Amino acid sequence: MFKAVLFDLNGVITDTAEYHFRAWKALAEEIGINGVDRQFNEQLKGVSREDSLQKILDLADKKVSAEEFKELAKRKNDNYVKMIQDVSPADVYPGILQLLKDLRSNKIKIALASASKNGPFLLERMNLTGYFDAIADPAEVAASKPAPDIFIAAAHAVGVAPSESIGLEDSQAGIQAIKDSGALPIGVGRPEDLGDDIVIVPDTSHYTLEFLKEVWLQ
């Protein structure tokens, strides 16, 4: 039996991707950079604040001091955080609270494995903090998804190996990170976007405890 689930935040528990996109878009327009469209923002998900900024600058080969790097990242995040102020336990995706409840009551460890440092804040606002045995700190990892570092760190934060764990994700990068940690990915979305070599569910209401047990088994 699997001993842990490792949850991505955005696109599994809820999704604030629209707000990250709007804030990043707004910042690029302010610094004169074209190309931050929705297509580009697909490669920004699963990706850290620092690495998302760098991808944006790289669009125009734009060079900045480390100080003006910090201020630009701070500008974007203040904007983003202003846009997620009304997030509540209404925003939690279908089946996720029940699954968290069923995982807890069966002694299955629950870890967050998000690239966002606003993760703690959102789980608080959604009243989900209590269910989480650990929240992997994206400040402390060496690389963004698809690197496996975040899911490895998450698994370790609940004293289990990734091989004892299930990873839940909406993104290609996230799924690839799960694969390379040694955890079992179960995706949510379309198999045209994520693949046909893994189990995909069409929405998060399909993420039930009995279904996870079935998949684990094969």
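We number the residues from 1 along the sequence you see.
Checked against the record, the higher mean CA B factor of 141-149 and 125-133 lies with 141-149.
Of the two segments examined, 196-204 and 14-22, it is 196-204 that shows the higher average Cα temperature factor in the deposited entry. Annotation for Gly46: C-alpha temperature factor in the highest third relative to the rest of the modelled chain, per the entry.
In this PDB entry, the Cα temperature factor of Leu212 sits in the middle third of its chain's modelled residues. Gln85: CA B factor in the middle third of modelled residues in this chain (values from the PDB entry).
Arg75 sits in the highest third of its chain by CA B factor, as recorded in the PDB entry. Among the modelled residues of the chain, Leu6 sits in the lowest third by CA temperature factor in this PDB entry.
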